[PDB]
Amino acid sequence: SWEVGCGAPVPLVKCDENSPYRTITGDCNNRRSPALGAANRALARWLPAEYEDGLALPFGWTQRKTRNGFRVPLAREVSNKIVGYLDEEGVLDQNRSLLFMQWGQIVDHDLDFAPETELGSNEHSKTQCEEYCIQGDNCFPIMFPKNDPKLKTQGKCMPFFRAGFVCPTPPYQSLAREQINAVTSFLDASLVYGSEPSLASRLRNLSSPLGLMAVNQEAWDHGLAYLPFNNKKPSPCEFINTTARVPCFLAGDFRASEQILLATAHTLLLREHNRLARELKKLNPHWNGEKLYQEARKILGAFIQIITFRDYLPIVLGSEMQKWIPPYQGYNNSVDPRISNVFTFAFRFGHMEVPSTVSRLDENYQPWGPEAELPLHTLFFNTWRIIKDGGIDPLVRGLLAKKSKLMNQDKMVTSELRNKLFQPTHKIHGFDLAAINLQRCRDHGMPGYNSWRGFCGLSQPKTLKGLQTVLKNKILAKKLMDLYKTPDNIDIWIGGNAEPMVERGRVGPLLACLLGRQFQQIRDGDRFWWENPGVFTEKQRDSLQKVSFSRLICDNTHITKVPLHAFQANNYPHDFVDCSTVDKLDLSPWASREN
């Protein structure tokens, strides 16, 4: 399309023509186009954006303006009528550990983040959006439908603020509006080390030459590290309990403390980095801080890619895995490794996988304490239940032994997220993640469900009956049709999650295609991929092929009984074996042998 590169905000950096290691910003990965897959640049467009005004106004912005002849429904109205459900019985995934949902949030956070525009921290329009519900520039409030119980209780709307865009923060208008991805498009552990120089540094231990990551010296997990606290007012985690006053954590990714299993998850990764750094020092006492950092970073990064691609994607993609992620044929520099704007909605399938409760389990994998089980909604931004209630160990067993939620067409998203989500600075366990995913689609000019059906070489239902056949569900298809008035108009997040799941997968056909390409691209387009010939040695690669998320766990907690296959539904003590029976990451090949 006639124009060739805008994107003022991001300084260049004369590349690491040098570096044996990725950069923090992801720059210089690709040699001919060094900004490709760099953080802080526009999300990629697989298809052209679709805005009401053709440029930036989201569909649903002007009441009088229709999409394909019809008003689009209110996001919260789609949510109540289709996404919500009462009965949590019969909802669990007989074949998926809770670590399965947790891994996905983590991989997601390594890959993408479209922050809301910061355009007002000394502005009452920062609170004006919430207090008065006035659609209002970067303010695009989710209005409640007439028969919504939150009307009687919370007001007229749920605040919501349009996502930040490249080039102008403010007004400009000639080409379509493009949202930003602020993390690196590479599975590079950016969630552990950060995607800005700025935050990479603050995360590091530069007080010692061991190449360690900063740890919290304010509190400890039985001799085991905790992420450092965050720096900073005003704070989600102190607020949800002003008595414990326990801050949100600090990691390479800002949503680290969104919920306690992710912080947990973040906590396992930090430990692996330091435990990688102390041990590489052992073998190589001659290496300096930096060499220790990057080399650990580097090993940590391969780790994320193997567990994701060998253990995780096949149970997401199932029968479509081969069809989109053929086995690896090496680095291809012609591939675009940028996260697409539709992937950040596609990967939101994880939302139907989150169950309503989280448990903590003691060494016999039995309820740890009197209130061992807790509703997810009280764990939003809850750092205290970790520092002051058991360390991460009990929660990691909850991750091995409990189950994820199963997508279900009549039970899409649990009220804990749909009704009780806490949004920082909106003080009420009372928002709607479904509604918000739906408003966000529109915010990002997402093409509709069929556009994506066509794009994936699948059919495009047009009638009620047509949709019934595709969803294989009459009722969901009526609801759907009475809301949107056509297949054409259905928001992608929800039409994509509404189709039944492929043989041995957890997403339907459309999603396996959307997700499938993207992952193909981030692996094929990565100059530092783990199996890219020449990144790791012969030895190292044979040594890397054995990592397991049951290893991380043993090497980094005081858990001694674990799964062999952590993503599947695992019951103790039957499916739990001793830590000693599991292949280690042998670092012998990392000996910087002679001088």
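Just so we're on the same page, rigid core means the largest C-alpha set that superposes within 1.5 Å between forms. In case it trips you up, residue 1 is the first one in the sequence shown, and so on.
Note on 114 to 122 and 479 to 487: with rigid core alignment, C-alpha atoms in 8 other deposited structures of this protein sit farther from this form for 114 to 122. The segment moving more, judged by mean Cα distance from this form in 8 other deposited structures of this protein after a core overlay, is 163 to 171 among 163 to 171 and 518 to 526. With 55 to 63 and 537 to 545 compared on mean CA B-factor from the PDB entry, the stretch scoring higher is 537 to 545.
Mean CA temperature factor is higher for 206 to 214 when stretches 346 to 354 and 206 to 214 are set side by side in the entry. Take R506, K323, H444, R96 and read off each C-alpha B-factor from the entry; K323 has the highest. In this structure the maximum Cα B-factor among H124, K472, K402, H266 is found at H124. Sorting the modelled residues of the chain by their CA temperature factor places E131 in the highest third. Compared with the other modelled residues of the chain, the Cα B-factor recorded for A35 ranks in the middle third. Looking at the C-alpha B-factors along this chain, the one for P48 belongs to the lowest third. When the modelled residues of the chain are ordered by C-alpha B-factor, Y484 sits in the middle third. In this PDB entry, the Cα temperature factor of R41 sits in the bottom third of its chain's modelled residues, the lowest group.
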